[PDB]
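Please read the structure below before turning to the comments.
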Amino acid sequence: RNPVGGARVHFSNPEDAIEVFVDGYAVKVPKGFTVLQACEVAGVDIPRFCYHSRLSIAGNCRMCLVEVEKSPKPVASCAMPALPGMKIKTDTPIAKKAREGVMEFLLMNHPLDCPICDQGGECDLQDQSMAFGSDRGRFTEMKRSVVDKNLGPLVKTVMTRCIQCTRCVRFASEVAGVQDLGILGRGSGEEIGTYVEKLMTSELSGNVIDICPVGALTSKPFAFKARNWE
Amino acid sequence: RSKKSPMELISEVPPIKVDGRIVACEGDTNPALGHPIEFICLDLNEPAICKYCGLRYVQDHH
Amino acid sequence: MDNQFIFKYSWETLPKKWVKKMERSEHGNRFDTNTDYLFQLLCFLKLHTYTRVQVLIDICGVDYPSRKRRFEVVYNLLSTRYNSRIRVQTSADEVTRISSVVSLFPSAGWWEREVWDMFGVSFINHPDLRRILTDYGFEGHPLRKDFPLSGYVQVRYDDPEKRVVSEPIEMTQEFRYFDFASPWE
Amino acid sequence: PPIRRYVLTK
Amino acid sequence: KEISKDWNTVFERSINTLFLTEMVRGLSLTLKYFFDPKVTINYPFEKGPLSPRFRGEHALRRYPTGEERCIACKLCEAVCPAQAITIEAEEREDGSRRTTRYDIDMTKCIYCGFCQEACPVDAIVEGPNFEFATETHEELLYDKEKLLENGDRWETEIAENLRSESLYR
Amino acid sequence: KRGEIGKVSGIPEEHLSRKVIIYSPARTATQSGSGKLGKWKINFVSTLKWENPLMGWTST
Amino acid sequence: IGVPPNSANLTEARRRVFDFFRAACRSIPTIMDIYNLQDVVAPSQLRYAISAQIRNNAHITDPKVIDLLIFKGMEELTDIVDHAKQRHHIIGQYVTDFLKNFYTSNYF
Amino acid sequence: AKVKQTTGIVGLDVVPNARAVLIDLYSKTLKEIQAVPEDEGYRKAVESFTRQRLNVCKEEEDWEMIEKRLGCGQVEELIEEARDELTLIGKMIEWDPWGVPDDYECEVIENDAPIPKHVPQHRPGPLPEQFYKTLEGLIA
Amino acid sequence: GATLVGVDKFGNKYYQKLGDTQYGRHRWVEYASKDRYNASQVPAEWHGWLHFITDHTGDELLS
Amino acid sequence: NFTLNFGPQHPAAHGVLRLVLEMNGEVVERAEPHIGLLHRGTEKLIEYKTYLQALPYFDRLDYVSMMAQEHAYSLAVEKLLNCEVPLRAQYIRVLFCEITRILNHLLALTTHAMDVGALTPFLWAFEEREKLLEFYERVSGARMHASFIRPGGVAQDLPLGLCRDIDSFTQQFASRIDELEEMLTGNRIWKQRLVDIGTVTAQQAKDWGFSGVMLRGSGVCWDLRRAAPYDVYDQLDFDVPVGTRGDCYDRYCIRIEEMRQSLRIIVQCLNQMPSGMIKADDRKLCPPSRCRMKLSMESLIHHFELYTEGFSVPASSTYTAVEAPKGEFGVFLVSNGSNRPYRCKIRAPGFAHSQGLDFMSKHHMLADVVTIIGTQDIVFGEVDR
Ligand SMILES: CCCCCCCCCCCCCCCCCCCC(=O)O[C@H](COC(=O)CCCCCCCCCCCCCC)COP(=O)(O)OCCN
Ligand SMILES: CCCCCCCCCCCC(=O)SCCNC(=O)CCNC(=O)[C@H](O)C(C)(C)COP(=O)(O)O
Ligand code: SF4
Ligand code: SF4
Ligand code: SF4
Ligand code: SF4
Ligand code: FES
Ligand SMILES: [Zn+2]
């Protein structure tokens with residue numbers, strides 16, 4: 001197979017290349033290269049919500065779960081480092097029912113504002129829900145809600161439609177270099193914000209628009225101007 | 001009358017009085033003939049505007 | 001006859017050099033043969049006792065602008081007596097001429113003419129091969145992936161010369177192509 | 001589902 | 001050798017083909033319908049029957065409060081097979097997502113109802129009007145004010161049609 | 001070079017001299033999936049698109 | 001009759017070119033007196049026009065391309081022979097710079 | 001024991017003494033395809049069904065029993081099939097397509113994607129035993 | 001005139017006749033004006049009743 | 001010999017028909033139709049639109065049997081998608097296919113009679129045809145181009161009062177057929193204007209691809225809904241009429257008998273129709289209910305993602321064929337694997353029938369050409385895609 005997206009694997013040590021079985025097709029990857037990256041090398045594309053290849057690895061949102069033969073529980077492929085001679089399993093009932101079960105929880109409290117979401121046509125949540133999800137839908141009770149707090153003249157925020165993937169927090173803490181965005185609260189009902197009136201004052205502060213998967217953070221100048229398909 | 005555009009006509013409707021932290025807005029009294037349901041957390045002292053209808057909801061208590 | 005029975009018998013009975021590629025499925029039995037053995041294969045399938053393919057349904061054509069043999073003409077056939085449906089397809093080119101089958105099935109003349117009209121695939125010893133669908137003086141073959149949807153020329157009435165004339169196309173509103181294709185597929 | 005294919009030699 | 005050679009039957013056949021019995025029998029049938037009541041209707045005063053599902057004039061509904069239902073979701077523009085709907089949107093100072101240009105080319109429109117059944121808010125509908133007959137071509141380019149005028153005019157009947165068939169689909 | 005197929009295509013001759021760009025479109029930043037990669041397209045530069053002076057439609 | 005199979009060598013291609021040109025000439029008077037045009041154009045210049053059109057594709061080397069071009073030539077000729085082409089279509093069809101382009105448009 | 005006097009198909013007239021014209025056409029086909037190499041499957045199949053059809057025509061004279069024992073079509077349809085088979089045999093002889101080219105490659109796909117029960121599927125009835133017996137003879 | 005069913009603000013009056021088993025002459029309009037009447041004067045409330053869309057008279061549809 | 005041309009503007013020749021034919025003064029020797037006057041370009045347009053956006057093109061192909069082409073397209077999509085369909089949807093699809101058969105047979109018969117010279121049956125058949133066009137106008141919006149049949153099931157459920165009205169119509173439709181037949185079968189002019197005209201033999205019809213009534217007229221018992229029954233047709237019992245000698249009159253009798261058989265099938269579907277859902281529960285090609293898209297997040301997501309992107313048919317290629325009233329209507333889909341069809345060739349039955357006009361009108365008179373045109377029931381929407 002060929003790597004998905006044309007990704008280039010840089011072998012800084014030719015001697016160290018552990019061989020793993022992603023789905024029965026053995027591939028060679030260097031030390032490190034967590035199970036997600038090993039599957040990326042072998043041309044297998046795994047769902048992801050919290051994992052960005054440019055930021056630190058976080059384990060929440062439990063969406064990239066796969067099955068390893070020598071593992072009782074499904075493992076987080078985006079965080080578990082590769083080991084020699086693993087028999088990974090992706091298209092398995094365990095690794096599938098894991099994904100529908102997780103995405104049902106993701107969608108149970110999501111608001112129904114798709115027609116007015118500025119990220120309607122390019123949302124990872126709905127695009128993955130169509131592929132890796134159950135169509136029925138079981139939740140019937142009252143959802144939660146979060147009020148919207150202004151920050152920046154160019155970042156329109158609707159935190160009601162925010163899965164707490166903490167990707168924006170990690171970006172602001174690591175790449176942007178200014179620590180103004182953080183995660184506040186505990187349990188079901190934790191919010192993400194500055195906790196004060198301050199706005200994101202950074203030169204590369206507009207990258208939170210793209211990095212956030214769902215339409216929680218969208219550009220304010222491009223508010224409702226057009227859809228992605230047109 | 002038709003000189004009042006919806007922009008300045010929806011603002012003349014007084015905000016709704018409701019108890020609780022959140023309220024569910026469906027548009028029409030018949031759920032099938034309204035918009036998708038929109039739970040809004042009305043915690044700020046300003047009225048919380050439904051994104052579909054434009055109706056404003058404010059908390060009677062406190 | 002049963003679909004697998006046609007598979008087994010035809011594959012065993014047919015000369016081996018005729019069929020380059022062949023496929024069995026629920027969608028339909030397919031015989032991908034060479035461009036020069038097509039006439040002989042059709043003649044064999046028409047006259048053989050067990051496989052009496054007497055009626056030709058249609059002659060199709062698919063444009064693949066990513067392979068050396070760009071076009072692919074598809075011959076859908078039907079055996080009325082044995083209640084079976086066989087499909088024979090070959091590969092063509094912009095300049096390669098492929099033998100006609102009008103001698104076997106006289107109804108194939110119009111289908112070959114329309115294939116030439118749409119894809120520009122000529123047919124050997126075809127009587128009266130000319131454009132059938134597009135208008136008179138048409139330039140280009142519309143069904144190729146290269147041909148723009150709106151075409152190259154327009155039609156209107158000009159008053160200085162009391163006739164209907166043609167100009168290069170000038171669209172009042174361009175065809176808005178919506179790219180709905182998404183990843184995770 | 002499998003969509004397998006086997007090439008045949010002389 | 002088709003034969004009808006019998007003394008009695010030759011007389012019976014040679015009379016039917018000589019006194020035009022078939023012609024008379026097919027002639028007396030039209031006279032039966034001559035005196036029968038007609039099936040036509042005087043169109044201007046009496047209209048033909050329709051259905052609650054009829055596909056006619058496009059209309060842009062609005063909420064009973066007075067705010068327009070269209071939220072510029074652009075599903076109707078994307079689903080329209082004829083590509084007749086053009087939409088332009090921007091965020092008003094109220095922050096609401098609304099349309100500024102929503103024009104339908106009723107000469108490209110095919111009246112299929114795909115746009116009507118794609119709205120998540122029932123913003124656009126196809127009213128029961130079928131009497132456009134404009135004398136000018138550019139009058140057929142409805143431009144979001146004709147839509148709203150149609151919605152205001154037919155609201156009392158579009159609402160009834162929608163609530164009558166809301167149990168379906 | 002070798003425009004014989006271009007000559008026999010029958011398309012207007014003035015469109016045979018167009019400059020085109022060949023590239024593989026990159027993955028969009030707003031999405032994380034890589035299911036739209038590895039496919040090459042020819043990019044004719046259709047720059048000229050004015051606005052219809054009746055309804056604002058984009059003519060070409 | 002039917003379409004000729006192909007041309008293996010360039011000599012057959014040249015022979016077919018000559019045959020097509022000859023046939024087009026033997027068909028030149030019927031198209032002169034079927035479109036009702038006698039004094040507007042003399043039959044001589046149409047011969048030069050056809051010769052120029054044929055000589056235009058002088059750089060072609062593939063015999064198959066030559067064959068298909070000749071086939072298109074017969075198709076156009078046969079279309080013209082019948083009273084099918086629109087009136088006077090044939091006569092219209094068969095008849096520094098930098099500043100000039102700059103003063104008109106940006107796309108030259 | 002009576003003349004058919006109607007085929008039910010327009011343009012396909014009845015053939016009196018159909019057994020006579022069908023008993024020698026089969027012999028002509030059998031004696032004509034001797035030139036085809038024995039290792040080719042076409043000859044084996046054509047001989048296998050032609051011999052059985054010729055026999056069945058031999059034991060029984062009246063066309064009703066002939067067509068009931070065979071169970072396929074009518075006597076005139078069988079005659080047309082025999083003529084077409086003879087013409088195909090001649091064309092095969094003159095074409096000589098027998099043999100396998102060197103470094104021959106055949107691409108075979110046996111994908112099995114199920115389709116719903118309610119889409120048009122050409123389902124025929126069970127065949128007479130000779131169609132299967134020919135395939136068994138060919139394979140072994 | 002078997003039955004007169006309601007009136008209109010424009011002045012055009014609405015009638016109704018009931019048949020037995022075959023359609024014909026069920027309900028029609030008597031337009032108030034005469035200057036070619038434009039063939040389109042029925043309001044939205046009475047448009048549904050006229051075309052057999054709804055069984056409501058139209059005066060009831062206003063309420 | 002002179003070569004005059006047709007192209008009459010009155011609907012005798014169904015319009016948009018150009019016929020350049022050479023006669024021997026009184027007797028025609030060769031007729032060469034010039035099709036292409038109605039080549040809209042549907043085949044090129046289908047490739048540019050989603051599998052759902054391309055459905056109404058199939059209404060515009062054969063516009064007397066609108067639901068027959070939608071049936072073929074839906075069956076092709078289902079075969080490519082491997083989607084099961086509930087019994088109620090299959091039964092209503094069969095019912096409306098039979099209604100299309102009745103409509104098309106009525107229109108063909110009375111346009112043929114108008115061409116011959118009979119005028120009365122035309123108006124009677126249209127006052128009948130309105131009573132089924134209103135059935136179409138009830139289940140969906142438009143009377144003619146009803147996009148009622150979707151790939152999954154059907155568009156939406158039948159209204160409450162439709163079955164009673166359909167049964168009431170079928171009560172008297174047989175008597176109406178008998179009244180129409182009274183003036184044509186027994187009439188001696190009708191026989192002399194049809195007998196021994198346009199004879200086609202079964203071998204020659206097979207050679208020219210005359211699948212349909214033109215095949216069964218020649219004595220071939222070939223019915224696509226008996227040989228390859230697709231929807232619920234094994235349960236329904238009906239007889240397949242077969243002609244004895246096919247010449248412009250056994251075809252007419254076969255069309256009468258097929259109208260009666262369609263009436264019988266409609267009665268059977270009405271009596272045997274079950275209750276249940278109408279659209280498949282796959283929810284990949286079927287949209288959620290309007291009450292569910294406004295209450296459930298997954299339902300709204302699916303609605304949004306199938307009313308813009310549409311369903312993606314897995315990469316394959318199939319040929320499906322259904323027994324359209326004209327004949328064998330076949331749709332050949334080639335699926336790229338995306339949400340748009342790569343190639344959709346449409347096998348119009350009228351193409352081969354119009355091709356076979358040249359030999360059928362051999363050594364006939366000029367007045368025996370309009371009857372050949374009428375007796376094959378050609379419409380140029382399908383002939384010129
Ligand atoms: C009440 C006042 C009414 C006043 C009006 C009078 C009634 C008019 C009614 C007209 C209604 C029908 C009109 C149709 C017009 C066209 C019909 C012509 C058909 C036709 O000519 O048929 C022919 C017979 O007609 C004929 O033969 C017709 C002539 C009748 C011959 C006489 C019949 C009985 C003779 C007994 C004599 C008794 C006295 C002996 C002492 C032969 O038809 P074909 O073509 O099939 O033939 C095969 C030979 N190629
Ligand atoms: C009213 C008119 C009706 C028909 C109008 C048709 C108008 C277009 C005619 C067809 C246009 C074509 O390209 S169709 C014919 C195309 N064939 C070729 O271009 C041959 C390539 N040239 C050569 O072989 C030699 O150079 C050659 C120049 C022949 C001699 O030169 P020499 O011996 O030194 O070698
Ligand atoms: S973020 Fe995605 S799932 Fe949520 S409302 Fe927006 S488009 Fe829909
Ligand atoms: S705001 Fe966006 S990036 Fe930050 S946690 Fe929420 S969804 Fe993730
Ligand atoms: S689908 Fe309805 S709400 Fe959305 S843009 Fe169109 S008219 Fe407006
Ligand atoms: S009815 Fe159909 S064609 Fe017309 S605007 Fe609506 S979706 Fe577009
Ligand atoms: S993407 Fe790996 S756990 Fe979230
Ligand atoms: Zn609301």
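Chain identifiers are assigned as A, B, and so on, following the order in which chains appear in the structure tokens; residues are numbered from 1 within each chain, and ligands are numbered from 1 in order of appearance.
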
Next item on the list: Pick out the residues sitting within 10 Å of residue 169 in chain A, and hand them over as a list in words; count only C-alpha atoms, and ignore anything fewer than 2 positions along from it in its own chain.
Entry: residues 164, 165, 166, 167, 171, 172, 173, 174, 176, 179, 180, 181, 182, 183, 192, 193 and 208 of chain A

Item checked: Selection near residue 85 in chain G, 10 Å with only C-alpha atoms, sequence-local residues under 4 positions removed, as an NGL selection string -> (:C and (135-137)) or (:G and (35 or 76 or 79-81 or 89-90))

Next item on the list: Could you give me, as a ChimeraX atom specification, every polymer residue with an atom at most 9 Å away from an atom of ligand 5, counting only C-alpha atoms and all ligand atoms?
Entry: /A:115-116 /E:60-61,69-79,85,87,89,98-99,102,115-125

If we count only C-alpha atoms, what is near residue 113 in chain C at a cut-off of 10 Å, once residues fewer than 6 positions away on the same chain are taken out, given as a compact mmCIF listing (two decimals) with C-alpha atoms, in the first residue's frame?
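Okay, this is what ended up in around_14.txt:
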```
# COMPACT_ATOMS: atom_id res chain seq x y z
CA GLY C 120 -15.67 9.83 -32.11
CA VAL C 121 -14.88 6.11 -32.40
CA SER C 122 -14.93 5.07 -36.05
CA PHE C 123 -16.27 1.69 -37.16
CA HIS C 126 -19.98 0.61 -41.58
CA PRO C 127 -22.44 1.69 -44.30
CA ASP C 128 -23.40 5.38 -43.99
CA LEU C 129 -21.47 6.29 -40.85
CA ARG C 130 -22.21 9.91 -39.98
CA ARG C 131 -23.41 12.09 -37.12
CA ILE C 132 -26.98 11.24 -36.09
CA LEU C 133 -27.75 13.19 -32.89
```

Notebook entry, point to check: Any idea what's packed within 9 Å of residue 9 in chain B, counting only C-alpha atoms, ignoring anything in its chain fewer than 3 positions away? Could you give it as a ChimeraX atom specification?
Noted result: /B:4-6,12-13 /E:65-67

Save out the residues we just selected, N, CA and C atoms, as a PDB file, in the first residue's frame.
```
ATOM      1  N   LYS B   4     -42.361  48.147   7.906  1.00  0.00           N
ATOM      2  CA  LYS B   4     -41.483  47.628   8.948  1.00  0.00           C
ATOM      3  C   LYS B   4     -40.869  46.319   8.468  1.00  0.00           C
ATOM      4  N   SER B   5     -39.575  46.349   8.163  1.00  0.00           N
ATOM      5  CA  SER B   5     -38.863  45.138   7.806  1.00  0.00           C
ATOM      6  C   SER B   5     -38.740  44.237   9.032  1.00  0.00           C
ATOM      7  N   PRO B   6     -38.539  42.931   8.828  1.00  0.00           N
ATOM      8  CA  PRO B   6     -38.398  42.033   9.987  1.00  0.00           C
ATOM      9  C   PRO B   6     -37.272  42.432  10.922  1.00  0.00           C
ATOM     10  N   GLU B  12     -39.648  44.618  18.297  1.00  0.00           N
ATOM     11  CA  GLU B  12     -40.774  45.167  19.037  1.00  0.00           C
ATOM     12  C   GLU B  12     -41.529  44.116  19.837  1.00  0.00           C
ATOM     13  N   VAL B  13     -41.230  42.836  19.639  1.00  0.00           N
ATOM     14  CA  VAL B  13     -41.845  41.767  20.418  1.00  0.00           C
ATOM     15  C   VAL B  13     -41.148  41.697  21.772  1.00  0.00           C
TER      16      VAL B  13
ATOM     17  N   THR E  65     -44.814  36.087  14.102  1.00  0.00           N
ATOM     18  CA  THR E  65     -44.323  37.328  14.688  1.00  0.00           C
ATOM     19  C   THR E  65     -44.018  38.360  13.611  1.00  0.00           C
ATOM     20  N   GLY E  66     -43.388  37.934  12.519  1.00  0.00           N
ATOM     21  CA  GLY E  66     -43.073  38.837  11.430  1.00  0.00           C
ATOM     22  C   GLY E  66     -41.672  38.667  10.881  1.00  0.00           C
ATOM     23  N   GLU E  67     -40.880  37.807  11.514  1.00  0.00           N
ATOM     24  CA  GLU E  67     -39.525  37.519  11.065  1.00  0.00           C
ATOM     25  C   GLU E  67     -39.559  36.442   9.989  1.00  0.00           C
TER      26      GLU E  67
END
```

Item checked: Surrounding residues as a list in words, ligand 7, max 7 Å, only C-alpha atoms and all ligand atoms -> residues 47, 48, 49, 50, 51, 58, 59, 60, 61, 62, 63, 64, 65, 76, 77, 78 and 79 of chain A

Next item on the list: May I have the residues within 7 Å of residue 20 in chain A as number ranges by chain, using only C-alpha atoms and disregarding those fewer than 2 positions away in the same chain?
Entry: A: 18, 22, 26-28, 84-87

Next item on the list: Within 6 Å of ligand 8, which residues show up when you count only C-alpha atoms and all ligand atoms? List them as a PyMOL selection string, please.
Entry: chain B and resi 25-27+50+52-53

Could those selected residues go to a file with C-alpha atoms, as a PDB file, in the first residue's frame?
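Dumped to part11.pdb:
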```
ATOM      1  CA  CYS B  25     -37.545  27.214  21.394  1.00  0.00           C
ATOM      2  CA  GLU B  26     -39.386  25.448  18.575  1.00  0.00           C
ATOM      3  CA  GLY B  27     -40.802  28.382  16.605  1.00  0.00           C
ATOM      4  CA  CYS B  50     -32.972  32.366  19.455  1.00  0.00           C
ATOM      5  CA  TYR B  52     -33.649  30.676  14.150  1.00  0.00           C
ATOM      6  CA  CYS B  53     -36.705  32.726  15.129  1.00  0.00           C
TER       7      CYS B  53
END
```

Note to self: Excluding residue 68 in chain G and its own-chain neighbours fewer than 6 positions away, which residues fall within 10 Å of it when counting only C-alpha atoms? Please give them as a VMD selection string.
What the structure shows: (chain C and resid 94 to 97 120 to 122) or (chain F and resid 8) or (chain G and resid 6 74)

Check: Counting only C-alpha atoms and all ligand atoms, what residues are within 7 Å of ligand 6, given as a VMD selection string?
Finding: chain E and resid 76 79 to 85 104 108 to 116

Notebook entry, point to check: G:58, G:1, G:10, G:41: which is nearest ligand 2, counting only C-alpha atoms and all ligand atoms?
Noted result: G:58

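All residues of range 170-343 of chain J that DSSP, run on the backbone, classes as strand (DSSP E) are residues 317, 318, 319, 320, 321, 322, 323, 328, 329, 330, 331, 332, 333, 334, 335, 341, 342 and 343 of chain J.
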
Checklist line | residue 2 in chain D surroundings by only C-alpha atoms, 9 Å radius, close-in-sequence under 4 positions cut, as a VMD selection string | finding: chain H and resid 111 to 113

Now that the selection is made, can you save its residues with N, CA, C and O atoms as a compact mmCIF listing (two decimals), in the first residue's frame?
```
# COMPACT_ATOMS: atom_id res chain seq x y z
N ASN H 111 -16.08 -11.64 -8.17
CA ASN H 111 -16.69 -10.87 -7.10
C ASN H 111 -18.16 -11.23 -6.95
O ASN H 111 -18.86 -11.47 -7.93
N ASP H 112 -18.62 -11.28 -5.70
CA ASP H 112 -19.99 -11.66 -5.38
C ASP H 112 -20.59 -10.60 -4.46
O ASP H 112 -20.53 -10.73 -3.23
N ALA H 113 -21.15 -9.56 -5.05
CA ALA H 113 -21.87 -8.54 -4.30
C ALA H 113 -23.35 -8.84 -4.36
O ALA H 113 -23.93 -8.82 -5.46
```

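In this model, the gap between CA of residue 38 in chain I and CA of residue 150 in chain E comes to 17.8 Å.
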
Checklist line | Those of range 35-161 of chain C in DSSP alpha helix (DSSP H), formatted as a list in words | finding: residues 38, 39, 40, 41, 42, 43, 44, 45, 46, 47, 108, 109, 110, 111, 112, 113, 114, 115, 116, 117, 118 and 119 of chain C

Item checked: Near-ligand residues for ligand 1, threshold 7 Å, only C-alpha atoms and all ligand atoms, as an MDAnalysis selection string -> (chainID E and resid 17:20 23:24) or (chainID J and resid 188)

Please, could you write that set of residues out with N, CA and C atoms as a PDB file, in the first residue's frame?
```
ATOM      1  N   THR E  17     -71.944  -7.851 -44.099  1.00  0.00           N
ATOM      2  CA  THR E  17     -71.007  -7.102 -44.923  1.00  0.00           C
ATOM      3  C   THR E  17     -71.691  -6.346 -46.051  1.00  0.00           C
ATOM      4  N   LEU E  18     -73.020  -6.399 -46.125  1.00  0.00           N
ATOM      5  CA  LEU E  18     -73.767  -5.742 -47.187  1.00  0.00           C
ATOM      6  C   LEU E  18     -74.722  -4.674 -46.685  1.00  0.00           C
ATOM      7  N   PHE E  19     -75.250  -4.820 -45.470  1.00  0.00           N
ATOM      8  CA  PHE E  19     -76.135  -3.829 -44.870  1.00  0.00           C
ATOM      9  C   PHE E  19     -75.435  -2.997 -43.801  1.00  0.00           C
ATOM     10  N   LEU E  20     -74.105  -3.082 -43.726  1.00  0.00           N
ATOM     11  CA  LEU E  20     -73.300  -2.216 -42.861  1.00  0.00           C
ATOM     12  C   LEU E  20     -73.695  -2.354 -41.392  1.00  0.00           C
ATOM     13  N   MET E  23     -70.998  -0.923 -39.204  1.00  0.00           N
ATOM     14  CA  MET E  23     -71.027   0.531 -39.295  1.00  0.00           C
ATOM     15  C   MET E  23     -72.198   1.110 -38.513  1.00  0.00           C
ATOM     16  N   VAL E  24     -73.376   0.491 -38.613  1.00  0.00           N
ATOM     17  CA  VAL E  24     -74.537   0.986 -37.879  1.00  0.00           C
ATOM     18  C   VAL E  24     -74.323   0.842 -36.377  1.00  0.00           C
TER      19      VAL E  24
ATOM     20  N   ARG J 188     -65.058  -2.102 -40.274  1.00  0.00           N
ATOM     21  CA  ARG J 188     -64.397  -2.680 -41.437  1.00  0.00           C
ATOM     22  C   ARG J 188     -63.320  -1.768 -42.010  1.00  0.00           C
TER      23      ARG J 188
END
```
